[PDB]
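Protein chains: 2
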Amino acid sequence: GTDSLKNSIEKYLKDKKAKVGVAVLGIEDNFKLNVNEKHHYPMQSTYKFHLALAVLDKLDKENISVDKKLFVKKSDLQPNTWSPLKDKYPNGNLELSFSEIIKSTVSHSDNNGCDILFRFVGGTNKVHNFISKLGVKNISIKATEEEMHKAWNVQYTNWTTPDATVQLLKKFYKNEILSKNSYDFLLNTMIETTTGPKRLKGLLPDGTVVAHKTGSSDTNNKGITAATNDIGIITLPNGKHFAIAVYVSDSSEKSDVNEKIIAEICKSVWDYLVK
Amino acid sequence: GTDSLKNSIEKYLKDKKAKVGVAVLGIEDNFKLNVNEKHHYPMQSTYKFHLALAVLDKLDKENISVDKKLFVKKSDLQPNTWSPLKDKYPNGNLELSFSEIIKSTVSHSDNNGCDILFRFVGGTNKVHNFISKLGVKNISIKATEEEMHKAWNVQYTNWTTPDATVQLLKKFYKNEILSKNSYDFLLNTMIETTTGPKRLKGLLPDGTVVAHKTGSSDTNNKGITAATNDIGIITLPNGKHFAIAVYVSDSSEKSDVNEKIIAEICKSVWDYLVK
Ligand SMILES: [Cl-]
Ligand SMILES: [Cl-]
Ligand SMILES: [Cl-]
Ligand SMILES: [Cl-]
Ligand code: NA
Ligand code: NA
Ligand code: NA
Ligand code: NA
Ligand code: NA
Ligand code: NA
Ligand code: NA
Ligand code: NA
Ligand code: NA
Ligand code: NA
Ligand code: NA
Ligand code: NA
Ligand code: NA
Ligand code: NA
Ligand code: NA
Ligand code: NA
Ligand code: NA
Ligand code: NA
Ligand code: NA
Ligand code: NA
Ligand code: NA
Ligand code: NA
Ligand code: NA
Ligand code: NA
Ligand code: NA
Ligand code: NA
Ligand code: NA
Ligand code: NA
Ligand code: NA
Ligand code: NA
């Protein structure tokens, strides 16, 4: 049962030198599991999901096609930051569709796409408020990728509880937030994600559908990796779904271990729910 | 003349809120210009040139083909760092040639490729020593990309004077360091660079050959961008060449201005040498 699954996860965590938050919520059925859920975990890129929700809601409500294009200045494409968009368009100064920018920001975790979209939607506060008004408490959106890059502690201002995340994922998956077509688009984009293949997906059967968004910090001079995260919705063999969010925070472990913590926890949940 | 060109550059710098180092050295002819050259400027990615020299020298001396392959672990491909290699191979755990890795590291400034190559060649000290033994003083190579990312000041341990850079570029261009074939390869790789198209290249005639390597820091909480750099060898219309290195350091200016400082300085030099 759920209590025994929870105990297994807690036992697994006993020798990991990290603070690990876990939440799970069934979509169709009533399953719920939380571990270490009352802490505030740094989100890193996982908040590009929240951002995409706010952007697609604005495009919906204002009747703006996702095929309309922003002018992306070269200055919008900062160097020495993770950015597949910048490598694809190294001169910048070009027109890119909201669709193209959202796909890169979500599926490929583009840091420059993220900030382009924050500027479009009206800033971090707009997104913070948007999420809060969906009725999901315990999420804080305060800093852009550029801002996070300026100073180590700024990432902690973009925080969440793990149960907030899965509450939000469930509202999403049930298409309670967006238009049908914007929902379909963001869901496809989340399944198309290419980052974190050894996180939630890592130990699940080949071809399992995992609609997800990763997040990753750097490491400080004390050996601490603030955030190694993955959040998403997984399709079970009988077509039902569960939302899961894992935050491996403030870790002294190497990256292979941090990813494996996510993969193993997810595999434990999968095995329980398929049984 | 050179003195008047120097005075023009110094006048140009008077209203820029940055500390800007410049050096120029003719390759075939005896031209020399230095501005603010006695400071120690953070290199950032420009030291991937030095790294490539050390790597290609090792491959030469040990008789290892550039087509031989390293196993690149997924852990070698860190997240949330600039890395076209990681976006191309998001699962990692694959065999990649030295050639492929060097091209990505130099032409596309890959941060993970850089560290893969530092590990191959035997670490930062090996590269530091290699450069020092070419007879070029005033270069310090101390920290990998991973190390720089851990703490703001670590980038300053990877420092250079601008005149050291052009001395090294000239030894290179005259094929005094490597085998003919490794020289040809690295030169092609430097012309193929796609980063910094609005730096040294920015205001030169379309199609000008510029074999170069950029470097870029992030910005801190005080608004300072430690490094915005570009170094290379430029072909004049009569087929002769000059080496140039520009380091825009500790800048309070926005990125468009920092890039423009490089472009304008280079254009001033170009205009003088073509006349
Ligand atoms: Cl592409
Ligand atoms: Cl929705
Ligand atoms: Cl490619
Ligand atoms: Cl050479
Ligand atoms: Na369910
Ligand atoms: Na439920
Ligand atoms: Na609990
Ligand atoms: Na909670
Ligand atoms: Na376009
Ligand atoms: Na994309
Ligand atoms: Na950015
Ligand atoms: Na909230
Ligand atoms: Na931060
Ligand atoms: Na909560
Ligand atoms: Na995926
Ligand atoms: Na994936
Ligand atoms: Na995953
Ligand atoms: Na720890
Ligand atoms: Na760590
Ligand atoms: Na010359
Ligand atoms: Na000279
Ligand atoms: Na001088
Ligand atoms: Na000097
Ligand atoms: Na290969
Ligand atoms: Na490449
Ligand atoms: Na790296
Ligand atoms: Na030296
Ligand atoms: Na640094
Ligand atoms: Na020197
Ligand atoms: Na180039
Ligand atoms: Na270029
Ligand atoms: Na350039
Ligand atoms: Na300054
Ligand atoms: Na600045």
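So the sequences go chain by chain: A and A'. A prime marks a further copy of an entry chain. If you count by PDB author numbering, then the first sequence holds residues 12 to 286, one letter each, in order. If you count by PDB author numbering, then the second sequence holds residues 12 to 286, one letter each, in order. Even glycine gets a Cβ: it sits at the ideal position worked out from N, Cα and C.
Residues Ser263, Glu264 of the same chain have their beta carbon placed closer than 6 Å to that of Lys28/A, with the five preceding and five following residues left out of the count.
If only uninterrupted alpha helix (DSSP H) runs of at least 4 residues are considered, those enclosed by the region 64–123 of chain A' are 95–99, 109–118. With a cutoff of 8 Å, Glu187/A does not count as near ligand 5, since its C-beta is closer than that to no heavy atom of the ligand. For the region 203–215 of chain A', the beta-carbon criterion of a distance under 9 Å to any beta-carbon of chain A is satisfied by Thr205, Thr206, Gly207, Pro208, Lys209. Along the region 141–172 of chain A', the positions whose C-beta sits under 7 Å from a C-beta of chain A are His160, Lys161, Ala162, read in chain order.
For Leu198/A, the closest of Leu214/A, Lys209/A, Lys181/A, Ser143/A by C-alpha to C-alpha distance is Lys181/A. Taking 9 Å as the CB threshold, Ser262/A' stays off the interface with chain A.
Using a Cβ-Cβ cut-off of 9 Å, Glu275/A does not count as an interface residue toward chain A', since no Cβ of chain A' sits closer than that to its own. Chain A places no beta carbon closer than 9 Å to that of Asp126/A', leaving this residue out of the contacts. If you check the CB distance, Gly124/A' and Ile113/A' come in under 9 Å. With a cut-off of 8 Å, the C-beta of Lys181/A is classified as near ligand 6, since at least one heavy atom of the ligand falls inside that distance. Proximity of the region 226–244 of chain A' to the region 115–131 of chain A falls short of the contact definition, fewer than three beta-carbon pairs being nearer than 8 Å. In the same chain as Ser151/A, and ignoring 5 residues on each side of it, the C-beta atoms closer than 8 Å to its own belong to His51, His139, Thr168, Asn169, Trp170, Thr171, in chain order. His119/A has a beta carbon lying within less than 9 Å of a beta carbon in chain A'. Taking a C-beta distance under 9 Å as the contact criterion, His223/A and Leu214/A do not qualify as a contact pair. A distance below 7 Å between beta-carbons, with the five flanking residues on each side excluded, links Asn231/A' to the following residues of its chain, in chain order: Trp163.
Three or more beta-carbon pairs separated by less than 8 Å are not found between the region 58–68 of chain A and the region 42–56 of chain A', which leaves the two stretches without contact.
It is roughly 32 Å from the alpha-carbon of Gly12/A to the alpha-carbon of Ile142/A. At a threshold of 8 Å, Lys251/A' counts as near ligand 20, since its beta carbon sits closer than that to one of the ligand's heavy atoms. Within chain A, no C-beta atom comes nearer than 8 Å to that of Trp281/A'; the closest sits roughly 20 Å away. In the DSSP assignment, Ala274/A falls within the unbroken alpha helix (DSSP H) covering 266–285. Going by beta carbons, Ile244/A' and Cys277/A' fall outside the 9 Å limit. The residues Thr200, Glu203, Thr204, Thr205, in chain order, have a CB closer than 7 Å to that of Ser118/A in the same chain once the five nearest residues on each side in sequence are set aside.
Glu48/A and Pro173/A do touch by the CB rule: their CB atoms are close to 5 Å apart, below 8 Å. At a Cβ-Cβ threshold of 9 Å, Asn240/A' and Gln55/A' count as neighbours. Nearest to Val285/A by alpha-carbon distance, out of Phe253/A, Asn186/A, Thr155/A, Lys153/A, is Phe253/A. For ligand 19, no non-hydrogen atom lies closer than 8 Å to the CB of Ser86/A'. A straight-line Cα-Cα distance of about 10 Å links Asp267/A and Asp87/A'. Classified as exposed, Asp40/A' has fewer than 16 neighbouring CB atoms from the shown chains inside 10 Å of its CB.
Taking every residue with its beta carbon within less than 7 Å of a heavy atom belonging to ligand 9 gives, in chain order, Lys80/A, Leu105/A, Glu106/A, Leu107/A, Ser108/A, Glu111/A. Chain-ordered, the chain A' residues with CB closer than 9 Å to the CB of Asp267/A read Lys84, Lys85, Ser86. Positions of the beta strand (DSSP E) runs, each at least 3 residues long and wholly inside the region 207–273 of chain A', are given as 221–227, 236–246, 252–262 in order along the chain.
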